[PDB]
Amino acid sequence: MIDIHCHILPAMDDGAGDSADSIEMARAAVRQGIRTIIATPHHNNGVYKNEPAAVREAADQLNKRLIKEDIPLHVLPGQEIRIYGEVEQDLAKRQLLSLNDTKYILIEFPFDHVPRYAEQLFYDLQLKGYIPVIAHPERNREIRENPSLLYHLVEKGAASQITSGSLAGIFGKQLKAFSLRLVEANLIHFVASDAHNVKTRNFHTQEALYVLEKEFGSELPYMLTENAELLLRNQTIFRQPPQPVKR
């Protein structure tokens, strides 16, 4: 399996602190059946930027260490990009990374609202042949209050990625209930760890898949999982008709 959102690169962000942490996360990933991780460090971390060159370097260095440690995991480059006005321009200047250099780009809304220009940005990116992937829409306060916002963005061509932990319940009962609503409505296209460490914000990959299998049957989690394989290959992901969700 492929994990498309993960903070396994050390000293970049709020995920692994150092390379020893990265290695522990990698071992956990492997135990969960993950063979390939797209590292998605935040493009900004405080006062610092994690430029594309530095991300590629860090992924290359982590891969060398994983080989040294005999861990069967391959880390590919990417970024988690908090939305801002100049995403389309900065991408064209190669000052941002898409996921594994594919057409899929991981865009995160601030936790409290969906910026008003989001739809316009996403339209612009599609016209350039990108597919914006909304990070953890279930963790957004405004989508939670008004899920129709996600429905519309997805109807208009956006994809989204749910967090394994949300489905697994490790972030609470409420997040799980909401996540199942989004999945049912065909508004989710990927499941990913968003792992930051081994103990609290960890993978919960199999746990999430089991929840999906129990709730929807075997074919749905297969579809979500294969979507990560399609993404990796820069193929077009599979979608079901999006549906409004209420409340």
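Quick note: we count residues from 1 along the sequence shown, nothing fancier.
94-102 versus 81-89 - which carries the larger mean C-alpha B factor in the record: Per the deposited B-factors, the answer is 81-89.
Mean C-alpha B-factor higher for 19-27, or for 235-243? Mean C-alpha B-factor is greater for 235-243.
Check the PDB entry and point out which of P147, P137, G165, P132 has the largest C-alpha temperature factor. By C-alpha B-factor in the record, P147 ranks first.
Out of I107, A158, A118, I71, which residue has the highest Cα temperature factor in the PDB record? Answer for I107, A158, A118, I71: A118, with the highest C-alpha B-factor.
Using the B-factor values recorded in the entry, state whether the Cα atom of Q32 falls in the lowest, middle or highest third among the modelled residues of its chain. Its C-alpha B-factor belongs to the middle third of this chain's values.
If you rank the chain by CA B-factor, which third does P52 end up in: lowest, middle or highest? Tercile = middle for this residue's CA B-factor.
What third of its chain's C-alpha B-factors does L175 belong to: lowest, middle or highest? Highest third of the chain for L175's C-alpha B-factor.
Which third, lowest, middle or highest, does the C-alpha temperature factor of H42 belong to within its own chain? It belongs to the middle third of the chain when residues are ordered by C-alpha B-factor.
Lowest, middle or highest third - CA B-factor, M223: Ranked within chain, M223 CA B lands in the middle tercile.
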